[PDB]
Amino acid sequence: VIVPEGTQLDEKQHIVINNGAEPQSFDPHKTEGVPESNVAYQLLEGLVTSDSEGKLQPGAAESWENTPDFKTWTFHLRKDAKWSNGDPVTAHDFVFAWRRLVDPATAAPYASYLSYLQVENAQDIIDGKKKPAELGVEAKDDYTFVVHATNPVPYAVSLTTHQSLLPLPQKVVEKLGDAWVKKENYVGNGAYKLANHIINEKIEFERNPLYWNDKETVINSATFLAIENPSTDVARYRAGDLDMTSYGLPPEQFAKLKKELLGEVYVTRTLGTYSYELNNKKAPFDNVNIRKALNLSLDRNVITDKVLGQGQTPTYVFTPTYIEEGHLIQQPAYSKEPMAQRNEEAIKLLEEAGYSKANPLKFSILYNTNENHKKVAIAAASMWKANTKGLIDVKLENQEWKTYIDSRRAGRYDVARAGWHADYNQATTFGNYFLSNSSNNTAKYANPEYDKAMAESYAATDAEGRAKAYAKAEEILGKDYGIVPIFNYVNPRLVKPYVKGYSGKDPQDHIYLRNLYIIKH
């Protein structure tokens, strides 16, 4: 079906992909990162999923509908679908999983996601005011899952593809608790299952023969590596020891790779933003004047054009303006000023705040170990010092992925490298991040006026109305200088010519093993 007729498939169907890092966990309620979701998506499947191009297709639900007010969403589940142990997949598994996500005892980084979906009582449950059993989702019968939202959410179906809303095997998780995720215990309803896991080395997948659509799955087995540095990823690729890199390539090699690996270099325009997150509750970044100074004195074009140069585009706002309903978001006025005037203003703000050459503003940029992030951090450190004539002095601090994520969530940072990739292709996937009460808000940004502009979007009756509310939200966030946005992502990857089913056109750049195949010639 996924294979064109008369294509000679290879016999083995094994693929090696760089996943870039050791995942925190294989439990989708305990994680918040791309490495983790890459794994979850092979082992579990939600109501709806996506093809090679990011278009929505039926997953665990074969059909669905909404009421005309966009508040009630009914999902019809496959009557024959099974967990990998033979248990039936039922609407009870979705009720169970979605309760578990909001349940304060789970402490889920993505607890807020069902508040984004406006599910009745989701926010109350997160806030400890109602029991998880009061969540507005139900099994009308074994194969009918109904979601009740308090406000219109016309983009609801695209939200349901996220890792946080994957079903869990209730009978298993209720018996084993959090231990369900161990390799010996794991049960899922995705195309693959866990064959092996060696920490910091590899995750091995094998076909889940009890997947509802196993008959269309081509790849028999796969390995995910955990290679942190893009240069290492490329070296393993060129030695023929992996088939697909992760989504970063060494800038200094990019030009030569395009020439030598004709048709292997893919660059996806993705719905992502690279930022430095400022800790808004830690002195001295609690001071708006300092947040503003850092924004004025970082030249984004240096990073996008000189350090990276792979098609990344400078930005000064969090939301990518090309996401659906993002088109009214305005780049701020200062982005249009000469660096000379910006730098003048930044020096003024820092002197007013008591810094000088002899007593500069000192802080560390926290980033996850990755030579490309180091390069960007060195250039940022270097620009901030030169552009403010010695009034900023920046140290670099690298931590492994898992530690880095813990440090950010725990607020044990000054400034942290941050990339946000869209959870669904609509502007609120970015706007919702900076709500005062969002579990994703590691910046500790809180402005009631931001929350109010975002709340106005649900009173809108159409896209223009929504788009106008998101424009006002971004304006407020921008005037507060809540973070330092740098660029919108492209996702450069090398993919071997015998690997098929990777499009280069998915704006979330997901890789599902079930979408790939290995050709013979």
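The first residue of the sequence shown is number 1, and the count goes up from there.
- Just going by the entry, 377-385 versus 217-225 on mean CA temperature factor gives the higher value to 377-385.
- Comparing 243-251 with 257-265, the stretch with the higher mean C-alpha B-factor in the PDB entry is 257-265.
- Looking only at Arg100, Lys362, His162, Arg207, the residue with the top Cα B factor in the deposited structure is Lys362.
- The PDB entry assigns the greatest CA B-factor among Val48, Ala460, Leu494, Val34 to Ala460.
- Placement of the Cα temperature factor of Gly54 within the chain: middle third of the modelled residues, per the deposited record.
- Per-chain ranking of the deposited C-alpha B factor places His510 in the middle third.
- Split the chain's modelled residues into thirds by C-alpha temperature factor. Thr403 is in the highest one.
- In the PDB entry, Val153 places in the middle third of its chain by CA B-factor.
- When the modelled residues of the chain are ordered by their C-alpha B factor, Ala21 lands in the middle third.
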